[PDB]
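Worksheet: one structure, shown below.
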Amino acid sequence: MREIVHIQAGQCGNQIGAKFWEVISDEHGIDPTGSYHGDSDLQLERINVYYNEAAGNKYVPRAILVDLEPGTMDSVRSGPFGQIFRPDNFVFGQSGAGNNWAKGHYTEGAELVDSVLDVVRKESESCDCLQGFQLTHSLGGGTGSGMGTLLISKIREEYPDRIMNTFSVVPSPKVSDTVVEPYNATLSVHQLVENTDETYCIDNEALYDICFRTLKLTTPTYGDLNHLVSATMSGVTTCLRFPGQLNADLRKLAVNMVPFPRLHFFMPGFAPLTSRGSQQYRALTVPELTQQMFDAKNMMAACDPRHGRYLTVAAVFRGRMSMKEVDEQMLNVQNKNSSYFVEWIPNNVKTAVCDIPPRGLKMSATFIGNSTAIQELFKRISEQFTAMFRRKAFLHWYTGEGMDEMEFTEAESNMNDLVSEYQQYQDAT
Amino acid sequence: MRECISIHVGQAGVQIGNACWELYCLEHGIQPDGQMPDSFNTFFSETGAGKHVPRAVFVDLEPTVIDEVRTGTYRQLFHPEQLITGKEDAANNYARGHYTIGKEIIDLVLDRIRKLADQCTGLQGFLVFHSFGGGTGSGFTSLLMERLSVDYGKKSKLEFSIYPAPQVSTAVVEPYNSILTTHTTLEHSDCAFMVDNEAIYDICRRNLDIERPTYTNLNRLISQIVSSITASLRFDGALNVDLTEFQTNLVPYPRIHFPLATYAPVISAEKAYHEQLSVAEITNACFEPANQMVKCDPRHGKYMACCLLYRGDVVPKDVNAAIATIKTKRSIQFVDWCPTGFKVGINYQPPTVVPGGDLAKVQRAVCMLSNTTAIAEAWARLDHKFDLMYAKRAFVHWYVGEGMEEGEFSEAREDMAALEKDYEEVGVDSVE
Amino acid sequence: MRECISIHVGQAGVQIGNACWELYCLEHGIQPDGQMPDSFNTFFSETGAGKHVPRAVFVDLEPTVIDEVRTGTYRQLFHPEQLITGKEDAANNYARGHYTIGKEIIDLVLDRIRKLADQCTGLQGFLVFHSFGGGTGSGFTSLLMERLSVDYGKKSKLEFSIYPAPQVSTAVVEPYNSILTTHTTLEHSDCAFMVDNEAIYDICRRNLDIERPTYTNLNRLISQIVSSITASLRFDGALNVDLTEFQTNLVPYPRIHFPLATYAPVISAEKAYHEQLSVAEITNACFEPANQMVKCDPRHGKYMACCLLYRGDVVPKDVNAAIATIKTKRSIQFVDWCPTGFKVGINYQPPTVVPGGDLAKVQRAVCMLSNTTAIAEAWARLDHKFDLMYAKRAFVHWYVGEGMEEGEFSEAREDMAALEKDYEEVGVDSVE
Ligand SMILES: Nc1nc2c(ncn2[C@@H]2O[C@H](COP(=O)(O)OP(=O)(O)OP(=O)(O)O)[C@@H](O)[C@H]2O)c(=O)[nH]1
Ligand SMILES: Nc1nc2c(ncn2[C@@H]2O[C@H](COP(=O)(O)OP(=O)(O)OP(=O)(O)O)[C@@H](O)[C@H]2O)c(=O)[nH]1
Ligand SMILES: Nc1nc2c(ncn2[C@@H]2O[C@H](COP(=O)(O)OP(=O)(O)O)[C@@H](O)[C@H]2O)c(=O)[nH]1
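Chains as they are written, first to last, in the entry's author numbering: chain I, 1 to 429; chain C, 1 to 37, 47 to 441; chain A, 1 to 37, 47 to 441.
Okay, structure coming up:
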C-alpha cells in the first residue's frame, strides 16, 4: 500500500533516474535483469511502493520517462539498470525541445501529454492505494521546465488530495548553463506554487563544491554528482519503506514543514560525507552528523543560512541509533543558534528515525531545510529577469509561439509577491 | 471474574503495548505461543482447548508498526481479527484523525470490542493508551471517546496518555494536537494519567546509569505502572483497590481529571546491592521531585489527593509509619480542604523483571499516583505555544482544508482558558 | 426407514450435487466405489451384495456437465440409468425449457423416480436443486413441478434454488427466467430456500480469507446447508425435526414460501484457533446481516418465523440462553402477531470437513433458516428490471417464436404484482 508513481522529464530528469533507480534497487538486492537476490526478508516488506510485481517473480519500476527527443531514452536502456524498465513507458516526442518554454508548454506539449496521462492512469489503477507523485526535472531547459509543469496542472485537477513533490534543479547563480534560464525560471516558478505541495531545490554550483571541498574528488563526473541527488531522495522515503521506531512519510514531511501554502521551497542536506583518503580518522557518532549539516558548505543550494532564519527543520535518520544522542543534539542546536531560527514557532525540529542504514555505511541522516535564505535565490533571478525583459530580449521566440506580455507581468509580480512574504516573516516578532 | 479490556491507539499505542503484554506473559507462565506447560481470567480469556488469548484491540492508521506484531515473536498469540489497520495514516493531522480518515474505521473497531464484552461479565473498565503529539493518538482517540460513552458509559475509562514534553519536541504540530484533543476528551473521559518523555531520560541516565536508551528501553519502565495499577485485579493483596475507585479517590472536581504517575525504586542491577530498600527509603524517593516521570516541579503547587500503591513485602505498620513522616514535612504541602488525601493499596506479589531488561529483581516496589496542582504551569506554557502559532495563522490551511471549521479553534481555546483558571480557583485556599 | 430422493436440474443442479454427494460419501464411510470396508437407509439403498447406491436423479439438457460424472472419480457409484441427458440444451430460453425441449424427456425422468419410490416406504419428500437464471433450471423445473403434484402431491417438496444476484449478472435473460418460473412454482411448490452468489463472495473473502474462489469452492459451503437440514434423518439427535414440519413451521400464508438460509461459523483453518466458538458467539453471528448468504438486509424488514438447527456439542440450557438474548434486542424485530417464532432442532454429530477443503473441523455449527419480509425489496428491483426490458419489447421474439403466447407475460406480471404487495399486507402490523 501507499504506492508512489515516479515521473521524469528533461535530459537532466532522465539521467538522474539512471542513478536514482540504481540506488533504490541496490537497497533491495535487485539485478539489472529484474529478479531478486537479497538475503534478508525485510527487503521485500514494502517492496511494492516502487515496484509492480510482474509474472515470473520479476519486478518493474513504477516509472514513466518523458523527453521530447529520442536522444536520451535510447541512452538509458544501453547502460546499467536500463533493462529494468518496461519498454512501453518510454513516451517521447520526435522533434526536440529546442530549449524553449513556449515549445515546452504549448507547441509539442499539447500533443505528447495525452500519450502520458493515460499511462499515468494505467499506473493509477495499478496502485492498490495511491500515495502521491514525485517528479524529477530542471528549471533552465525546455523539456524539464514546461513539460514537467504541464503534467502537474493536469494531475492536480485529477488528484487534489494526492501530494506532489518535484526534485527540480534550480540554475546556478554565476555560471550559466542556459542563456534564457531567467525566462525559463520565472515562467515555471509561477506554475510550481499553484499545484505543488513541496519542492526540493538543488543547485548545481553547490554540488560542484561539495564534491570538491569535502569529498576531494579529482574528477567529479555526473556518475558521482547525481549520486548525491539519489542519496537525498532515498533519504526521504526511507521511513515509508521500512519499520522504524518513529515512522515518517511524504505527508508527515509535508504538514510539519509548510506553515503557509505558498511557502514551500526547501533545501536538502546529506550527512556524513567521507573521502576515500579521509574516512579512517573520523569518529562516526551521531553528534558528528549534526554539526556537519548546519553549515554553508553542506547545503545543496546556493544559500546563506547565516543571512536568514529557518522556519521548519526535518531530519530523517537511518540505522540503529539511540534517541537521547539525537534529541539532546536537536535541542542544543536551537539554543546556541537562537538567532538562526524564527521566534513565533516554538521547537521547530522534526525528528524521523528509521532502522535501515544505507548499504555501505553504519549510520546516516538526511537533512531537510526550510529557511528565508532562498529570497536571494529568487531576487537574483528576478533582477536578471527585469533587466532582460525591459530590453525585450529573446522575446519574439516566445511571442512567436502564442504568448503575450500579460503572461510575463503577472508572473513577474507573483515572484515579487512571493519574496515579499518571506521578508515579512523573516524579521517579525 | 472481573475483566478489563485495553485499547492501543497510534504508534504510541503499539510500542507501549507490546512491552506491556510482554510483562503479562512472563507473570502467568504464558509462553510466546499461549500455552502454560486460576487468576488470569481478568486479562486472558480461554479457548476450547488449552490456549489463551490476550484481551487486546490494537489499532493504527498506518500498517508498519502493526506488521511487526504480525511477523514478530508474538505472532501466534494475538487473534488476527484484532489487528485493525488501514491504508493511509493521519500523519500528524487532527483533521485526518477525527474528520477524514477516522470516520471510516470507527465503526469497525466497535464491532470487535462488543464481541469481547459478550464473553465477559465483570467488565470493569477500559485502558486507552495513546499520545498527544501525534494525530492518530489524538484524533482517532477523540472520536473513539464519544462512542464509548454512547455504548457503555458506566465502565470506568482510563488513559495512560503521553503528555507532550515542554522542552523536547518531535512534531511541530504538538501545540495543535494537544489542545484540540483536550476540548473533546474533557466531555467523556474519567481519569487521564500523564507520563512524559523528558523526565524518563532524566531518570534513566541518573538512576539506571544508561546514557543512551531507546523507545523499547523507555517502554520497560512504563510497563511497571501498568502492572502496578492492575495489580489488585490479577493477584490478591492484603488491601485491594478497584478501577471504579480511582475516579472517586482522585477526582475532586469533574472538570479536573489530570493526575500523574511516579515509580520507585529505579536502580540498576550492579547498584541493586549496597542498600536494603526500606519502605521509608523508597517512599521519600516518590515524593522527591527529581524522581517523577513528568517534568513538572510539584513544590510550586499543591496536592489535592494522593494515592499509594504497594507491591512486594509490605507490612501495614510500616506503611502507616511511612505516611505520617511525609505529612510532617514542608516541601510537600496539601490543599487546605483535604486532610484525608490517601488511598493506600497493598498487593503481595513483587514485580518481576524481563530477561534482558534493565532494572533489577527487588523485594518491593511502589507506584505512586498523585493529583498535583503545579501541572497547570505547564498548561500555561503549552497555551503560550498555542498563542503565537495561532495568531500568526500558522499551519491553518492543513486543518481547514480537510473538513474543519476554523471557528472550532475559538471553542477549544476558550474552554482551555476556563480550565487554565480552574486551577486558580482550586489552588487557592478558602477564606479563614 | 424414512427415505428422501433428490432431483438435480440444469448445470446448477449438477455442480452443486457433486459437492453435496461428496459430503455424504465421507460421513457414512462410503468409498468412491460404494464399499464400506445401520443409519444410511435414508439416502442409500442397498444391492444384493455389499454395494450401495445414491438416491440421485441427475438431469440436464446438455451432455457436457453430466459426462464429467460418467468419467470422473464417482464413475462406478451412480447407476447409469439415472444420468438422463439430451441432444440440445435449452440455452437460456424458458420456451426451450418448458414448451419445446422439456416436453420430450419430462415423460422419461418420471419413470426412474417412480422406480425409486417402489423400493421405499418412508418417502417423506423431494429435493429439487436448480437455478433461476438459466433456462433449464427454470423451464424444465417448472414443467416438472406440475407432474410431481399430479403423481405424489402429499410428499413435501423443497427447493434450494439459486436466487439471482441483484448486482452480479451472468445471463442477460435473468429478469425473464426469474419471473416466468415464479408464476408456475407458486401453484405447486411448498418451501423454496434461497441462496445467492453475491453474498457468498462477500463471506468467503472476509471470513475465509480467500479472495479468489471457484464454483467448486462455492459449492463446499452450500453442502453445509444440505447436510444440516437433512441431519435429523440420517443421524439421531436430542431434538429432531421432520421435512413435513418445515412447511408448517415456516409457511404462515400459502402464497408466501420464501425463507432464506444462513450458516455459521465460517472460519479458516489458521483462524480456527484463538477462540472457543461459544454457542452465543456463533448465534449472534447468524442474525448479523453481514453473514447471510442472500444479499438482502433484514433490518429493513421483519421476521415472520425463524428456525434454528444445531449440530455438534449442544447443551439445551445453552440454546435457551442464546435465544432469549436475541429477542431482547432491537436490530431484530419480529412481526407483531408471532411471538412464538422458533423451531429449534438439535443433532449430536458435528459437521465433518472434506479433505483438501476450505473450512476447518470445529466442534459445533449452526444452520439458520429464517423467513424474512425484507426480501420483497429485492423483488421490486427484480420487477424494476422486468419493467424496462418488457415495455421496450426486448428479446420477445426468442420466446414467442418458440411456442409461447405473448399474453402469458400479462398473466405472470399481474400475479407478481399481487405477491409484491402481499408482503405489504403481512409486513404491516394490525390495528391497535
Ligand atoms: N515513551 C514512548 N514514547 C513513544 C513511543 N513511540 C512513540 N512515542 C512518542 O509518541 C510521539 C509521536 O506520536 P505517534 O503516536 O507516533 O503519532 P500518531 O498518533 O500515531 O500519528 P501518525 O503520524 O498518524 O502515526 C512522540 O512524542 C514519541 O516520542 C514509545 O515506544 N515510548
Ligand atoms: N453457487 C453456484 N452457482 C452455480 C454453479 N454452477 C452454476 N451456477 C450459477 O448458475 C447460473 C447459471 O445457470 P445454469 O444452471 O448454468 O443454466 P441452465 O438452467 O442449465 O440453462 P442452460 O443454458 O440451458 O444450461 C449462474 O448464476 C451461475 O453462477 C455452482 O456450482 N455453484
Ligand atoms: N545535476 C545535473 N544537472 C544537469 C545535468 N545535465 C544538465 N543539468 C542541468 O539541467 C539544466 C538544463 O536542462 P536540460 O535537461 O538540458 O533541458 P531539457 O531537456 O529541455 O529539460 C541546467 O540547469 C543544467 O545545469 C546533469 O547531468 N546533472
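Every residue, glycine too, gets a C-beta built ideally from N, C-alpha and C.
Problem set entry | Continuous alpha helix (DSSP H) stretch holding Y319 (chain A): start and end | Element bounds for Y319 (chain A): not the alpha helix (DSSP H) but the beta strand (DSSP E), 312 to 321.
For this session: Can you grab the Cα-Cα spacing for the pair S126 (chain I) / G132 (chain I), in whole Å?
Result: 13 Å
For this session: Have a look at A314 (chain C) and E429 (chain C) and give me their C-alpha separation to the nearest angstrom.
Result: 19 Å
Exercise. Given a limit of 7 Å on CB to CB distance, which residues of the segment 335 to 350 of chain I reach chain C?
Worked result: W344, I345, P346, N347, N348, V349, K350
Exercise. Can you list, in chain order, the stretches of the alpha helix (DSSP H) that have 4 or more residues and sit fully within the segment 214 to 271 of chain I?
Worked result: You should have 222 to 236, 252 to 255.
For this session: Within its chain, find whatever has a CB closer than 6 Å to the CB of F149 (chain A); leave out the 5 residues flanking it on each side and keep chain order.
Result: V9, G106, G111
Problem set entry | Contacts that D98 (chain C) makes with chain I (C-beta to C-beta distance below 9 Å) | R2, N247, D249, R251, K252
Exercise. With DSSP run on the structure shown, which of helix, strand or coil describes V23 (chain I)?
Worked result: helix
For this session: Measure the C-alpha to C-alpha separation of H406 (chain A) and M413 (chain A) and round it to an integer number of angstroms.
Result: 10 Å
For this session: Name the residue from C:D322, C:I5, C:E55, C:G354 whose alpha carbon lies nearest to the alpha carbon of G131 (chain C).
Result: C:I5
Problem set entry | When A:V371, A:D47, A:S439, A:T382 are compared against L286 (chain A), the one with the closest alpha-carbon | Of the listed residues, the one whose Cα sits closest to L286 (chain A) is A:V371.
For this session: State the Cα-Cα distance for the pair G34 (chain A) and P325 (chain A), rounded to the nearest angstrom.
Result: For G34 (chain A) and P325 (chain A), the distance between alpha carbons rounds to 37 Å.
Exercise. Does ligand 3 have a heavy atom nearer than 6 Å to the CB of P182 (chain I)?
Worked result: In this structure, the C-beta of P182 (chain I) stays at least 6 Å away from each heavy atom of ligand 3.
Problem set entry | CB contact below 7 Å: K394 (chain C) versus chain I | Closer than 7 Å to some Cβ of chain I, the Cβ of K394 (chain C) qualifies, so yes.
Exercise. CA-CA distance, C129 (chain A) and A389 (chain A)?
Worked result: 43 Å
Exercise. Sorry if obvious, but does the Cβ on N18 (chain A) come closer than 6 Å to a heavy atom of ligand 2?
Worked result: no
For this session: Taking 8 Å as the threshold, find out whether the segment 10 to 29 of chain I comes into contact with the segment 60 to 75 of chain I through three or more Cβ pairs.
Result: Touching, yes, given that three or more Cβ pairs across the two stretches are closer than 8 Å.
Exercise. Excluding the five sequence neighbours on either side, which residues of its own chain have a C-beta within less than 7 Å of the C-beta of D367 (chain A), listed in chain order?
Worked result: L217, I219, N226, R229
For this session: Please find out if some non-hydrogen atom of ligand 3 comes closer than 6 Å to the beta-carbon of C211 (chain I).
Result: no
Exercise. What residues of chain I sit near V9 (chain C), judged by a beta carbon separation below 7 Å?
Worked result: Simply none; closest approach about 15 Å.
For this session: Tell me, to the nearest whole angstrom, how far the beta carbon of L318 (chain C) is from that of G350 (chain C); I am working on the premise that it is less than 8 Å.
Result: Actually they do not touch by this definition, with Cβ atoms about 15 Å apart.
For this session: For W346 (chain C), count neighbouring Cβ atoms within 10 angstroms of its own Cβ and tell me buried if that reaches 16, exposed if not.
Result: exposed
Exercise. Whose CB is closer than 6 Å to a heavy atom of ligand 3? List the residues in chain order.
Worked result: I:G10, I:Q11, I:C12, I:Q15, I:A97, I:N99, I:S138, I:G140, I:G141, I:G142, I:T143, I:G144, I:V169, I:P171, I:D177, I:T178, I:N204, I:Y222, I:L225, I:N226
Problem set entry | Continuous alpha helix (DSSP H) assignments of at least 4 residues falling wholly in the segment 237 to 318 of chain C | Runs found: 240 to 243, 252 to 258, 290 to 296.
Exercise. Between the Cα of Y312 (chain A) and the Cα atoms of A:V328, A:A333, A:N329, A:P268, which residue gives the shortest distance?
Worked result: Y312 (chain A) has its Cα closest to that of A:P268, out of A:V328, A:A333, A:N329, A:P268.
Problem set entry | Supposed close pair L284 (chain I), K216 (chain I) - CB separation, criterion 8 Å | Between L284 (chain I) and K216 (chain I) the beta-carbon gap is near 19 Å, outside 8 Å, which marks them as no contact.
Problem set entry | Members of the segment 395 to 407 of chain C near chain I, C-beta cut-off 7 Å | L397, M398, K401, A403, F404, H406, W407
Problem set entry | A254 (chain I) CB to nearest heavy atom of ligand 1 below 6 Å | Checking the Cβ of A254 (chain I) against ligand 1 gives no.
Problem set entry | Beta-carbon proximity check, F294 (chain I) vs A365 (chain I), cutoff 7 Å | no
Exercise. Is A248 (chain I) near ligand 1, judged by its Cβ being under 6 Å from some heavy atom?
Worked result: no
Problem set entry | C-beta atoms of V193 (chain I) and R251 (chain I) nearer than 7 Å | Between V193 (chain I) and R251 (chain I), the C-beta gap is not smaller than 7 Å, which leaves the two residues out of contact.
For this session: Return yes when the C-beta of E71 (chain C) is under 6 Å from any heavy atom of ligand 1, and no when it is not.
Result: yes
For this session: Excluding the 5 residues preceding and the 5 following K154 (chain I) in the sequence, name in chain order all residues of the same chain whose CB lies nearer than 8 Å to its CB.
Result: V113, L117
Exercise. For chain I, is any of its Cβ atoms less than 7 Å away from the one on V177 (chain C)?
Worked result: yes
For this session: Would you list the residues whose beta-carbon is nearer than 5 Å to any heavy atom of ligand 2, in the order they occur in the chain?
Result: A:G10, A:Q11, A:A12, A:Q15, A:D98, A:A99, A:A100, A:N101, A:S140, A:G142, A:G143, A:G144, A:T145, A:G146, A:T179, A:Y224, A:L227, A:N228
Exercise. Just reading off the beta strand (DSSP E) that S371 (chain I) is part of, what are its end residues?
Worked result: 364 to 371
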